[PDB]
>>> print(open('model19.txt').read())   # compact mmCIF, N, CA, C and O atoms
# COMPACT_ATOMS: atom_id res chain seq x y z
N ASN V 1 -11.84 20.91 -20.54
CA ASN V 1 -10.53 20.61 -21.18
C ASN V 1 -10.26 21.55 -22.35
O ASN V 1 -9.11 21.86 -22.65
N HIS V 2 -11.33 21.99 -23.01
CA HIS V 2 -11.20 22.89 -24.15
C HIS V 2 -11.55 24.32 -23.74
O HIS V 2 -12.71 24.72 -23.75
N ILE V 3 -10.52 25.10 -23.39
CA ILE V 3 -10.72 26.49 -22.99
C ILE V 3 -10.16 27.45 -24.03
O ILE V 3 -10.91 28.19 -24.68
N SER V 4 -8.84 27.44 -24.18
CA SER V 4 -8.18 28.31 -25.15
C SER V 4 -6.69 27.98 -25.24
O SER V 4 -6.24 27.38 -26.22
N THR V 5 -5.93 28.38 -24.23
CA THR V 5 -4.50 28.13 -24.20
C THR V 5 -3.93 28.35 -22.80
O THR V 5 -3.36 27.44 -22.20
N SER V 6 -4.10 29.57 -22.28
CA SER V 6 -3.61 29.91 -20.95
C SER V 6 -4.75 29.95 -19.94
O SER V 6 -5.52 30.91 -19.91
N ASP V 7 -4.85 28.90 -19.13
CA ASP V 7 -5.90 28.82 -18.12
C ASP V 7 -5.52 27.86 -17.01
O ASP V 7 -6.38 27.27 -16.35
N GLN V 8 -4.22 27.69 -16.79
CA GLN V 8 -3.72 26.80 -15.76
C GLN V 8 -3.16 27.60 -14.58
O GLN V 8 -2.45 28.59 -14.77
N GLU V 9 -3.48 27.16 -13.37
CA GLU V 9 -3.01 27.83 -12.16
C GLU V 9 -1.57 27.45 -11.86
O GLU V 9 -1.12 26.35 -12.17
N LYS V 10 -0.84 28.37 -11.24
CA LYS V 10 0.56 28.13 -10.88
C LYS V 10 0.71 26.85 -10.08
O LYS V 10 0.08 26.69 -9.03
N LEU V 11 1.53 25.93 -10.57
CA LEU V 11 1.75 24.66 -9.89
C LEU V 11 3.15 24.60 -9.28
O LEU V 11 4.12 25.10 -9.86
N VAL V 12 3.25 24.00 -8.10
CA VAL V 12 4.52 23.88 -7.39
C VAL V 12 5.14 22.50 -7.59
O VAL V 12 4.49 21.59 -8.09
N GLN V 13 6.40 22.36 -7.21
CA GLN V 13 7.11 21.10 -7.36
C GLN V 13 7.32 20.40 -6.01
O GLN V 13 8.13 20.84 -5.20
N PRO V 14 6.58 19.30 -5.76
CA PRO V 14 6.71 18.54 -4.51
C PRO V 14 8.08 17.90 -4.37
O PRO V 14 8.73 17.58 -5.37
N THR V 15 8.53 17.71 -3.14
CA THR V 15 9.83 17.10 -2.89
C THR V 15 9.87 15.70 -3.52
O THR V 15 8.85 15.03 -3.62
N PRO V 16 11.06 15.25 -3.95
CA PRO V 16 11.22 13.93 -4.57
C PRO V 16 10.47 12.84 -3.81
O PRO V 16 10.01 11.86 -4.40
N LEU V 17 10.33 13.03 -2.50
CA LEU V 17 9.62 12.07 -1.67
C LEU V 17 8.11 12.19 -1.89
O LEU V 17 7.47 11.23 -2.33
N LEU V 18 7.56 13.36 -1.61
CA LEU V 18 6.14 13.60 -1.81
C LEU V 18 5.76 13.30 -3.25
O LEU V 18 4.70 12.73 -3.53
N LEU V 19 6.64 13.68 -4.17
CA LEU V 19 6.43 13.44 -5.60
C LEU V 19 5.97 12.01 -5.86
O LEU V 19 4.87 11.79 -6.36
N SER V 20 6.82 11.05 -5.51
CA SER V 20 6.50 9.63 -5.71
C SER V 20 5.10 9.31 -5.19
O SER V 20 4.33 8.61 -5.85
N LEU V 21 4.76 9.84 -4.02
CA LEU V 21 3.44 9.60 -3.44
C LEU V 21 2.36 10.00 -4.44
O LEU V 21 1.36 9.30 -4.61
N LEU V 22 2.60 11.11 -5.13
CA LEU V 22 1.67 11.59 -6.15
C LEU V 22 1.77 10.69 -7.37
O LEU V 22 0.77 10.31 -7.97
N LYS V 23 3.01 10.34 -7.72
CA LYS V 23 3.28 9.47 -8.86
C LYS V 23 2.45 8.19 -8.77
O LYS V 23 1.86 7.75 -9.76
N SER V 24 2.42 7.60 -7.58
CA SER V 24 1.67 6.37 -7.36
C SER V 24 0.19 6.68 -7.08
O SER V 24 -0.66 5.80 -7.22
N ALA V 25 -0.09 7.91 -6.68
CA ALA V 25 -1.46 8.32 -6.39
C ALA V 25 -2.23 8.69 -7.66
O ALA V 25 -3.38 9.12 -7.59
N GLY V 26 -1.58 8.54 -8.81
CA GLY V 26 -2.23 8.87 -10.07
C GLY V 26 -1.58 10.06 -10.76
O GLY V 26 -1.91 10.37 -11.91
N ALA V 27 -0.66 10.72 -10.07
CA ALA V 27 0.03 11.87 -10.61
C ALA V 27 1.10 11.43 -11.63
O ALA V 27 1.68 10.36 -11.48
N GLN V 28 1.35 12.25 -12.66
CA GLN V 28 2.34 11.90 -13.67
C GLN V 28 3.49 12.91 -13.69
O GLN V 28 4.62 12.57 -13.37
N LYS V 29 3.18 14.15 -14.07
CA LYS V 29 4.19 15.20 -14.14
C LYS V 29 4.97 15.31 -12.83
O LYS V 29 4.72 14.56 -11.89
N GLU V 30 5.92 16.24 -12.79
CA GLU V 30 6.74 16.44 -11.59
C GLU V 30 6.21 17.59 -10.74
O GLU V 30 6.41 17.62 -9.53
N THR V 31 5.53 18.53 -11.39
CA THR V 31 4.98 19.69 -10.69
C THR V 31 3.46 19.56 -10.55
O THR V 31 2.81 18.92 -11.37
N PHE V 32 2.91 20.18 -9.51
CA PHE V 32 1.47 20.14 -9.28
C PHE V 32 1.01 21.30 -8.41
O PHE V 32 1.71 21.72 -7.49
N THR V 33 -0.19 21.79 -8.69
CA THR V 33 -0.77 22.88 -7.92
C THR V 33 -1.30 22.33 -6.60
O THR V 33 -1.63 21.15 -6.51
N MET V 34 -1.34 23.17 -5.58
CA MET V 34 -1.80 22.74 -4.26
C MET V 34 -3.03 21.83 -4.35
O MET V 34 -3.08 20.79 -3.69
N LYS V 35 -4.01 22.22 -5.16
CA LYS V 35 -5.22 21.43 -5.32
C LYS V 35 -4.88 20.00 -5.76
O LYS V 35 -5.29 19.04 -5.12
N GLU V 36 -4.12 19.88 -6.84
CA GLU V 36 -3.73 18.57 -7.35
C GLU V 36 -2.87 17.85 -6.32
O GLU V 36 -3.06 16.66 -6.05
N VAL V 37 -1.93 18.58 -5.72
CA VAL V 37 -1.05 18.01 -4.71
C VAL V 37 -1.88 17.43 -3.57
O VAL V 37 -1.77 16.26 -3.23
N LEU V 38 -2.73 18.28 -3.00
CA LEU V 38 -3.61 17.88 -1.90
C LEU V 38 -4.62 16.83 -2.37
O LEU V 38 -5.27 16.18 -1.55
N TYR V 39 -4.75 16.67 -3.69
CA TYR V 39 -5.69 15.71 -4.25
C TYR V 39 -5.10 14.30 -4.31
O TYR V 39 -5.67 13.36 -3.77
N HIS V 40 -3.95 14.16 -4.98
CA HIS V 40 -3.30 12.86 -5.09
C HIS V 40 -2.79 12.38 -3.74
O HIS V 40 -2.73 11.18 -3.47
N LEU V 41 -2.43 13.33 -2.88
CA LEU V 41 -1.93 13.02 -1.57
C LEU V 41 -3.02 12.37 -0.72
O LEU V 41 -2.79 11.39 -0.02
N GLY V 42 -4.23 12.92 -0.82
CA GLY V 42 -5.35 12.36 -0.08
C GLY V 42 -5.65 10.95 -0.53
O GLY V 42 -5.97 10.08 0.28
N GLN V 43 -5.54 10.73 -1.84
CA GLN V 43 -5.78 9.41 -2.42
C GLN V 43 -4.63 8.47 -2.07
O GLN V 43 -4.82 7.26 -1.97
N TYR V 44 -3.45 9.04 -1.87
CA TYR V 44 -2.27 8.26 -1.51
C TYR V 44 -2.49 7.54 -0.19
O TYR V 44 -2.00 6.43 0.02
N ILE V 45 -3.24 8.19 0.71
CA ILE V 45 -3.53 7.62 2.02
C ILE V 45 -4.54 6.48 1.92
O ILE V 45 -4.29 5.37 2.39
N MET V 46 -5.69 6.76 1.31
CA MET V 46 -6.74 5.76 1.16
C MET V 46 -6.22 4.53 0.41
O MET V 46 -6.54 3.40 0.77
N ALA V 47 -5.41 4.76 -0.62
CA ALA V 47 -4.86 3.66 -1.40
C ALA V 47 -3.94 2.79 -0.55
O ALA V 47 -4.17 1.59 -0.40
N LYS V 48 -2.90 3.41 0.01
CA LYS V 48 -1.96 2.69 0.86
C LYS V 48 -2.64 2.19 2.13
O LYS V 48 -2.19 1.23 2.75
N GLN V 49 -3.74 2.84 2.51
CA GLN V 49 -4.49 2.47 3.71
C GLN V 49 -3.72 2.84 4.98
O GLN V 49 -3.35 1.97 5.76
N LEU V 50 -3.50 4.13 5.17
CA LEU V 50 -2.78 4.62 6.34
C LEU V 50 -3.75 5.05 7.44
O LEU V 50 -3.34 5.34 8.56
N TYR V 51 -5.04 5.10 7.12
CA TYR V 51 -6.06 5.50 8.08
C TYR V 51 -6.41 4.34 9.02
O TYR V 51 -6.24 3.18 8.67
N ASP V 52 -6.91 4.68 10.20
CA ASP V 52 -7.29 3.68 11.19
C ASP V 52 -8.77 3.33 11.08
O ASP V 52 -9.60 4.19 10.79
N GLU V 53 -9.10 2.07 11.33
CA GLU V 53 -10.48 1.62 11.27
C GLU V 53 -11.32 2.44 12.24
O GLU V 53 -12.35 3.01 11.87
N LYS V 54 -10.87 2.51 13.49
CA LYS V 54 -11.56 3.28 14.53
C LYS V 54 -11.94 4.66 14.00
O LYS V 54 -13.09 4.90 13.63
N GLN V 55 -10.97 5.56 13.97
CA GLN V 55 -11.20 6.91 13.47
C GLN V 55 -10.79 7.01 12.01
O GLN V 55 -9.65 6.72 11.65
N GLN V 56 -11.73 7.41 11.16
CA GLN V 56 -11.46 7.54 9.73
C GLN V 56 -10.65 8.81 9.44
O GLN V 56 -10.03 8.93 8.39
N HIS V 57 -10.66 9.75 10.38
CA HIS V 57 -9.93 10.99 10.22
C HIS V 57 -8.54 10.91 10.86
O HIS V 57 -7.87 11.92 11.04
N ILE V 58 -8.11 9.69 11.20
CA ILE V 58 -6.81 9.48 11.81
C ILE V 58 -5.88 8.72 10.88
O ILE V 58 -6.27 7.70 10.30
N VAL V 59 -4.66 9.21 10.74
CA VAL V 59 -3.67 8.58 9.88
C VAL V 59 -2.37 8.33 10.63
O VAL V 59 -1.55 9.23 10.78
N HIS V 60 -2.18 7.10 11.10
CA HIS V 60 -0.96 6.75 11.82
C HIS V 60 -0.30 5.52 11.21
O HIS V 60 -0.69 4.38 11.48
N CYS V 61 0.72 5.76 10.39
CA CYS V 61 1.45 4.68 9.74
C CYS V 61 2.96 4.87 9.93
O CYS V 61 3.57 5.71 9.26
N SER V 62 3.55 4.11 10.84
CA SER V 62 4.97 4.21 11.10
C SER V 62 5.79 3.93 9.86
O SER V 62 6.69 4.70 9.52
N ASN V 63 5.48 2.84 9.17
CA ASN V 63 6.21 2.54 7.95
C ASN V 63 5.43 3.04 6.75
O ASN V 63 4.59 2.34 6.20
N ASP V 64 5.74 4.26 6.35
CA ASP V 64 5.09 4.88 5.20
C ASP V 64 5.90 6.05 4.66
O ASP V 64 6.36 6.89 5.44
N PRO V 65 6.08 6.15 3.33
CA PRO V 65 6.83 7.24 2.73
C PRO V 65 6.28 8.60 3.15
O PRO V 65 7.01 9.59 3.21
N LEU V 66 4.98 8.64 3.44
CA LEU V 66 4.32 9.87 3.86
C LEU V 66 4.76 10.26 5.27
O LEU V 66 5.13 11.40 5.52
N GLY V 67 4.72 9.29 6.18
CA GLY V 67 5.12 9.55 7.55
C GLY V 67 6.55 10.05 7.65
O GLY V 67 6.84 11.00 8.38
N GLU V 68 7.44 9.42 6.89
CA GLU V 68 8.85 9.81 6.89
C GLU V 68 9.01 11.22 6.30
O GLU V 68 9.97 11.92 6.61
N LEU V 69 8.06 11.61 5.46
CA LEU V 69 8.09 12.93 4.83
C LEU V 69 7.70 14.01 5.83
O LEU V 69 8.49 14.91 6.13
N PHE V 70 6.48 13.92 6.35
CA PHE V 70 5.99 14.88 7.32
C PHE V 70 6.82 14.85 8.60
O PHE V 70 6.91 15.85 9.31
N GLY V 71 7.43 13.70 8.88
CA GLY V 71 8.24 13.57 10.07
C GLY V 71 7.43 13.17 11.29
O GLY V 71 7.76 13.54 12.41
N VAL V 72 6.37 12.40 11.06
CA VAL V 72 5.51 11.95 12.14
C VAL V 72 4.87 10.60 11.81
O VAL V 72 4.66 10.28 10.64
N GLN V 73 4.56 9.83 12.84
CA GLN V 73 3.94 8.52 12.66
C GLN V 73 2.48 8.54 13.09
O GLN V 73 1.92 7.51 13.48
N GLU V 74 1.86 9.71 13.02
CA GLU V 74 0.46 9.87 13.41
C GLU V 74 0.02 11.32 13.25
O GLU V 74 0.68 12.24 13.73
N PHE V 75 -1.11 11.52 12.57
CA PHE V 75 -1.63 12.86 12.35
C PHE V 75 -3.11 12.82 11.96
O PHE V 75 -3.52 11.99 11.15
N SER V 76 -3.89 13.73 12.53
CA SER V 76 -5.31 13.81 12.24
C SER V 76 -5.57 14.75 11.07
O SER V 76 -4.89 15.76 10.92
N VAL V 77 -6.55 14.40 10.24
CA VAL V 77 -6.88 15.22 9.08
C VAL V 77 -7.92 16.29 9.42
O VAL V 77 -8.47 16.94 8.53
N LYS V 78 -8.17 16.48 10.72
CA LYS V 78 -9.14 17.48 11.16
C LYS V 78 -8.50 18.86 11.21
O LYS V 78 -9.16 19.87 10.96
N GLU V 79 -7.21 18.90 11.54
CA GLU V 79 -6.48 20.16 11.61
C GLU V 79 -5.74 20.43 10.31
O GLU V 79 -4.53 20.25 10.21
N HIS V 80 -6.48 20.87 9.30
CA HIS V 80 -5.91 21.17 7.99
C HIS V 80 -4.75 22.16 8.11
O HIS V 80 -3.84 22.16 7.28
N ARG V 81 -4.80 23.00 9.13
CA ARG V 81 -3.75 24.00 9.35
C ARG V 81 -2.39 23.33 9.51
O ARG V 81 -1.40 23.78 8.92
N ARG V 82 -2.34 22.27 10.30
CA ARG V 82 -1.09 21.55 10.54
C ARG V 82 -0.59 20.89 9.25
O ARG V 82 0.56 21.06 8.86
N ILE V 83 -1.47 20.14 8.60
CA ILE V 83 -1.12 19.45 7.36
C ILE V 83 -0.77 20.45 6.26
O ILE V 83 0.28 20.35 5.62
N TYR V 84 -1.67 21.40 6.04
CA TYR V 84 -1.47 22.43 5.01
C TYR V 84 -0.09 23.07 5.13
O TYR V 84 0.49 23.51 4.13
N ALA V 85 0.43 23.13 6.35
CA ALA V 85 1.74 23.72 6.60
C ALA V 85 2.88 22.79 6.17
O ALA V 85 3.73 23.17 5.38
N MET V 86 2.89 21.58 6.72
CA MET V 86 3.93 20.61 6.41
C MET V 86 3.94 20.27 4.92
O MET V 86 5.01 20.14 4.31
N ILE V 87 2.76 20.14 4.33
CA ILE V 87 2.65 19.82 2.91
C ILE V 87 3.19 20.96 2.04
O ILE V 87 3.75 20.72 0.97
N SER V 88 3.03 22.19 2.52
CA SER V 88 3.51 23.36 1.79
C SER V 88 5.03 23.43 1.82
O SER V 88 5.66 23.86 0.86
N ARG V 89 5.62 23.01 2.94
CA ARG V 89 7.07 23.02 3.10
C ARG V 89 7.72 21.85 2.36
O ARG V 89 8.94 21.77 2.28
N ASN V 90 6.90 20.95 1.83
CA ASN V 90 7.40 19.79 1.11
C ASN V 90 7.54 20.07 -0.39
O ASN V 90 7.61 19.15 -1.20
N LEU V 91 7.59 21.35 -0.75
CA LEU V 91 7.73 21.74 -2.15
C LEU V 91 9.13 22.26 -2.44
O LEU V 91 9.54 23.30 -1.92
N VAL V 92 9.88 21.53 -3.27
CA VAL V 92 11.24 21.92 -3.61
C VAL V 92 11.26 23.21 -4.44
O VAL V 92 11.73 24.24 -3.97
N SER V 93 10.74 23.14 -5.66
CA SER V 93 10.69 24.30 -6.54
C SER V 93 9.27 24.82 -6.67
O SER V 93 8.31 24.05 -6.71
N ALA V 94 9.13 26.14 -6.74
CA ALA V 94 7.81 26.77 -6.87
C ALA V 94 7.66 27.45 -8.22
O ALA V 94 8.46 28.31 -8.59
N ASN V 95 6.62 27.07 -8.96
CA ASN V 95 6.36 27.65 -10.27
C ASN V 95 5.27 28.70 -10.19
O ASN V 95 4.26 28.52 -9.50
N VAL V 96 5.47 29.81 -10.91
CA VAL V 96 4.49 30.89 -10.92
C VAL V 96 4.08 31.25 -12.35
O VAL V 96 4.80 30.95 -13.30
N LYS V 97 2.94 31.91 -12.48
CA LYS V 97 2.43 32.31 -13.78
C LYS V 97 3.23 33.48 -14.34
O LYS V 97 3.06 34.62 -13.91
N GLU V 98 4.11 33.19 -15.29
CA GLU V 98 4.94 34.22 -15.91
C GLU V 98 5.27 33.87 -17.35
O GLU V 98 5.04 32.74 -17.79
N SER V 99 5.81 34.83 -18.09
CA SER V 99 6.17 34.62 -19.49
C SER V 99 7.45 33.80 -19.60
O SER V 99 8.55 34.30 -19.37
N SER V 100 7.30 32.52 -19.95
CA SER V 100 8.44 31.63 -20.09
C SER V 100 8.48 31.01 -21.49
O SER V 100 7.75 30.06 -21.78
N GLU V 101 9.34 31.56 -22.34
CA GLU V 101 9.47 31.06 -23.71
C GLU V 101 10.39 29.85 -23.76
O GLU V 101 11.39 29.79 -23.04
N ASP V 102 10.05 28.89 -24.61
CA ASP V 102 10.85 27.68 -24.75
C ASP V 102 11.89 27.84 -25.86
O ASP V 102 11.66 28.54 -26.84
N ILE V 103 13.02 27.16 -25.70
CA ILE V 103 14.08 27.21 -26.69
C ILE V 103 14.20 25.87 -27.39
O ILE V 103 14.76 24.91 -26.85
N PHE V 104 13.67 25.81 -28.60
CA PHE V 104 13.71 24.60 -29.40
C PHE V 104 14.77 24.69 -30.50
O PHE V 104 14.73 23.94 -31.48
N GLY V 105 15.71 25.62 -30.34
CA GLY V 105 16.76 25.79 -31.33
C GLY V 105 16.22 26.07 -32.71
O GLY V 105 16.87 25.78 -33.72
N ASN V 106 15.02 26.65 -32.77
CA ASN V 106 14.39 26.98 -34.05
C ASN V 106 14.21 28.49 -34.19
O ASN V 106 13.53 29.13 -33.39
N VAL V 107 14.83 29.05 -35.23
CA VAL V 107 14.74 30.48 -35.48
C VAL V 107 14.48 30.77 -36.96
O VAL V 107 14.29 29.84 -37.75
>>> encode(input="model19.txt", output="structure tokens")
Amino acid sequence: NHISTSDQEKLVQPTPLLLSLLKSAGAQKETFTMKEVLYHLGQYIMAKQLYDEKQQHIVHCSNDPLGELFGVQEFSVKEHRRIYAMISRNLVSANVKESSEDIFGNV
């Protein structure tokens, strides 16, 4: 937690839908880096309990904010390629590491 000042990776902004999932998954801010995004999202499933007893790597929940987001009522977590894609397209605004000065009306 104590590094210096600039040591944060570029974080993206999840869609208002995915956002809430993070919001309830322990996320607070509106933007999050893929790691954090993929982190709260994974917890969002276990918490809501979208996984099947049979297969633990299976997530099929017809009534779920996540399902309505990805646009499917069933998906396996074995093919990260598929998920990694849909989750990436669920980002409204993308933030990058650049010089962004704040305006506090103080001069």
>>> select_by_dssp(input="model19.txt", residues="chain V", states="strand (DSSP E or B)", output="PyMOL selection string")
chain V and resi 12-14+32+51+58-59+75-76+91-94
>>> closest_residue(input="model19.txt", among="V:106, V:24, V:56, V:8", to="residue 77 of chain V", atoms="all atoms listed in the file")
V:56
>>> residues_around(input="model19.txt", residues="residue 97 of chain V", least_positions_apart="3", cutoff="8 Å", atoms="only N, CA, C and O atoms", output="number ranges by chain")
V: 8-11, 94, 100
>>> residues_near_point(input="model19.txt", point="(7.0, 10.6, 4.7)", cutoff="12 Å", atoms="only C-alpha atoms", output="short mmCIF file (atom, residue, chain, number, x, y, z; two decimals) with N, CA, C and O atoms, in the coordinates of the input")
data_model
loop_
_atom_site.label_atom_id
_atom_site.label_comp_id
_atom_site.auth_asym_id
_atom_site.auth_seq_id
_atom_site.Cartn_x
_atom_site.Cartn_y
_atom_site.Cartn_z
N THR V 15 8.53 17.71 -3.14
CA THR V 15 9.83 17.10 -2.89
C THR V 15 9.87 15.70 -3.52
O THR V 15 8.85 15.03 -3.62
N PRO V 16 11.06 15.25 -3.95
CA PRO V 16 11.22 13.93 -4.57
C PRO V 16 10.47 12.84 -3.81
O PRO V 16 10.01 11.86 -4.40
N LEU V 17 10.33 13.03 -2.50
CA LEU V 17 9.62 12.07 -1.67
C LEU V 17 8.11 12.19 -1.89
O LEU V 17 7.47 11.23 -2.33
N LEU V 18 7.56 13.36 -1.61
CA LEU V 18 6.14 13.60 -1.81
C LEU V 18 5.76 13.30 -3.25
O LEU V 18 4.70 12.73 -3.53
N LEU V 19 6.64 13.68 -4.17
CA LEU V 19 6.43 13.44 -5.60
C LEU V 19 5.97 12.01 -5.86
O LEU V 19 4.87 11.79 -6.36
N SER V 20 6.82 11.05 -5.51
CA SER V 20 6.50 9.63 -5.71
C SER V 20 5.10 9.31 -5.19
O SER V 20 4.33 8.61 -5.85
N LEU V 21 4.76 9.84 -4.02
CA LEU V 21 3.44 9.60 -3.44
C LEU V 21 2.36 10.00 -4.44
O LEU V 21 1.36 9.30 -4.61
N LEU V 41 -2.43 13.33 -2.88
CA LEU V 41 -1.93 13.02 -1.57
C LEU V 41 -3.02 12.37 -0.72
O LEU V 41 -2.79 11.39 -0.02
N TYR V 44 -3.45 9.04 -1.87
CA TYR V 44 -2.27 8.26 -1.51
C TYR V 44 -2.49 7.54 -0.19
O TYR V 44 -2.00 6.43 0.02
N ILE V 45 -3.24 8.19 0.71
CA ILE V 45 -3.53 7.62 2.02
C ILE V 45 -4.54 6.48 1.92
O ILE V 45 -4.29 5.37 2.39
N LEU V 50 -3.50 4.13 5.17
CA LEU V 50 -2.78 4.62 6.34
C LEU V 50 -3.75 5.05 7.44
O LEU V 50 -3.34 5.34 8.56
N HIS V 60 -2.18 7.10 11.10
CA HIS V 60 -0.96 6.75 11.82
C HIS V 60 -0.30 5.52 11.21
O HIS V 60 -0.69 4.38 11.48
N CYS V 61 0.72 5.76 10.39
CA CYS V 61 1.45 4.68 9.74
C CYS V 61 2.96 4.87 9.93
O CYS V 61 3.57 5.71 9.26
N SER V 62 3.55 4.11 10.84
CA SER V 62 4.97 4.21 11.10
C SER V 62 5.79 3.93 9.86
O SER V 62 6.69 4.70 9.52
N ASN V 63 5.48 2.84 9.17
CA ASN V 63 6.21 2.54 7.95
C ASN V 63 5.43 3.04 6.75
O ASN V 63 4.59 2.34 6.20
N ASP V 64 5.74 4.26 6.35
CA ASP V 64 5.09 4.88 5.20
C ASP V 64 5.90 6.05 4.66
O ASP V 64 6.36 6.89 5.44
N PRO V 65 6.08 6.15 3.33
CA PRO V 65 6.83 7.24 2.73
C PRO V 65 6.28 8.60 3.15
O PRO V 65 7.01 9.59 3.21
N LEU V 66 4.98 8.64 3.44
CA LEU V 66 4.32 9.87 3.86
C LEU V 66 4.76 10.26 5.27
O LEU V 66 5.13 11.40 5.52
N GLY V 67 4.72 9.29 6.18
CA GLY V 67 5.12 9.55 7.55
C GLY V 67 6.55 10.05 7.65
O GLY V 67 6.84 11.00 8.38
N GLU V 68 7.44 9.42 6.89
CA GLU V 68 8.85 9.81 6.89
C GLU V 68 9.01 11.22 6.30
O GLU V 68 9.97 11.92 6.61
N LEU V 69 8.06 11.61 5.46
CA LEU V 69 8.09 12.93 4.83
C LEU V 69 7.70 14.01 5.83
O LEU V 69 8.49 14.91 6.13
N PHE V 70 6.48 13.92 6.35
CA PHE V 70 5.99 14.88 7.32
C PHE V 70 6.82 14.85 8.60
O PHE V 70 6.91 15.85 9.31
N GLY V 71 7.43 13.70 8.88
CA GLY V 71 8.24 13.57 10.07
C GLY V 71 7.43 13.17 11.29
O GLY V 71 7.76 13.54 12.41
N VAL V 72 6.37 12.40 11.06
CA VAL V 72 5.51 11.95 12.14
C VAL V 72 4.87 10.60 11.81
O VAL V 72 4.66 10.28 10.64
N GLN V 73 4.56 9.83 12.84
CA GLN V 73 3.94 8.52 12.66
C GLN V 73 2.48 8.54 13.09
O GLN V 73 1.92 7.51 13.48
N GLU V 74 1.86 9.71 13.02
CA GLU V 74 0.46 9.87 13.41
C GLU V 74 0.02 11.32 13.25
O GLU V 74 0.68 12.24 13.73
N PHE V 75 -1.11 11.52 12.57
CA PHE V 75 -1.63 12.86 12.35
C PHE V 75 -3.11 12.82 11.96
O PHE V 75 -3.52 11.99 11.15
N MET V 86 2.89 21.58 6.72
CA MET V 86 3.93 20.61 6.41
C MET V 86 3.94 20.27 4.92
O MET V 86 5.01 20.14 4.31
N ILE V 87 2.76 20.14 4.33
CA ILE V 87 2.65 19.82 2.91
C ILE V 87 3.19 20.96 2.04
O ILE V 87 3.75 20.72 0.97
N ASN V 90 6.90 20.95 1.83
CA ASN V 90 7.40 19.79 1.11
C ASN V 90 7.54 20.07 -0.39
O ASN V 90 7.61 19.15 -1.20
#
>>> atom_distance(input="model19.txt", atom1="atom O of residue 54 of chain V", atom2="atom N of residue 80 of chain V")
17.8 Å
>>> select_by_dssp(input="model19.txt", residues="segment 50-98 of chain V", states="helix (DSSP H, G or I)", output="CSV table (one decimal) with N, CA, C and O atoms, keeping the file's coordinate frame")
chain,number,residue,atom,x,y,z
V,65,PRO,N,6.1,6.2,3.3
V,65,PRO,CA,6.8,7.2,2.7
V,65,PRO,C,6.3,8.6,3.2
V,65,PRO,O,7.0,9.6,3.2
V,66,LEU,N,5.0,8.6,3.4
V,66,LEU,CA,4.3,9.9,3.9
V,66,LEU,C,4.8,10.3,5.3
V,66,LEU,O,5.1,11.4,5.5
V,67,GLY,N,4.7,9.3,6.2
V,67,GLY,CA,5.1,9.6,7.6
V,67,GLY,C,6.6,10.0,7.6
V,67,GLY,O,6.8,11.0,8.4
V,68,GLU,N,7.4,9.4,6.9
V,68,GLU,CA,8.8,9.8,6.9
V,68,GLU,C,9.0,11.2,6.3
V,68,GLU,O,10.0,11.9,6.6
V,69,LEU,N,8.1,11.6,5.5
V,69,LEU,CA,8.1,12.9,4.8
V,69,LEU,C,7.7,14.0,5.8
V,69,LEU,O,8.5,14.9,6.1
V,70,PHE,N,6.5,13.9,6.4
V,70,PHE,CA,6.0,14.9,7.3
V,70,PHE,C,6.8,14.8,8.6
V,70,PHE,O,6.9,15.8,9.3
V,80,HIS,N,-6.5,20.9,9.3
V,80,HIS,CA,-5.9,21.2,8.0
V,80,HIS,C,-4.8,22.2,8.1
V,80,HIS,O,-3.8,22.2,7.3
V,81,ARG,N,-4.8,23.0,9.1
V,81,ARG,CA,-3.8,24.0,9.4
V,81,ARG,C,-2.4,23.3,9.5
V,81,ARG,O,-1.4,23.8,8.9
V,82,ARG,N,-2.3,22.3,10.3
V,82,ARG,CA,-1.1,21.6,10.5
V,82,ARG,C,-0.6,20.9,9.2
V,82,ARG,O,0.6,21.1,8.9
V,83,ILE,N,-1.5,20.1,8.6
V,83,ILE,CA,-1.1,19.4,7.4
V,83,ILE,C,-0.8,20.4,6.3
V,83,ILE,O,0.3,20.4,5.6
V,84,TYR,N,-1.7,21.4,6.0
V,84,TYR,CA,-1.5,22.4,5.0
V,84,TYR,C,-0.1,23.1,5.1
V,84,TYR,O,0.5,23.5,4.1
V,85,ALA,N,0.4,23.1,6.4
V,85,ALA,CA,1.7,23.7,6.6
V,85,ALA,C,2.9,22.8,6.2
V,85,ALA,O,3.7,23.2,5.4
V,86,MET,N,2.9,21.6,6.7
V,86,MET,CA,3.9,20.6,6.4
V,86,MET,C,3.9,20.3,4.9
V,86,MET,O,5.0,20.1,4.3
V,87,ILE,N,2.8,20.1,4.3
V,87,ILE,CA,2.6,19.8,2.9
V,87,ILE,C,3.2,21.0,2.0
V,87,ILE,O,3.8,20.7,1.0
V,88,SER,N,3.0,22.2,2.5
V,88,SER,CA,3.5,23.4,1.8
V,88,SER,C,5.0,23.4,1.8
V,88,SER,O,5.7,23.9,0.9
>>> atom_distance(input="model19.txt", atom1="atom C of residue 12 of chain V", atom2="atom N of residue 102 of chain V")
18.8 Å
>>> atom_distance(input="model19.txt", atom1="atom CA of residue 37 of chain V", atom2="atom CA of residue 22 of chain V")
7.1 Å
>>> residues_around(input="model19.txt", residues="residue 36 of chain V", least_positions_apart="6", cutoff="8 Å", atoms="all atoms listed in the file", output="ChimeraX atom specification")
/V:22,25,27,42-43
>>> closest_residue(input="model19.txt", among="V:26, V:34, V:46, V:5", to="residue 85 of chain V", atoms="only C-alpha atoms")
V:34
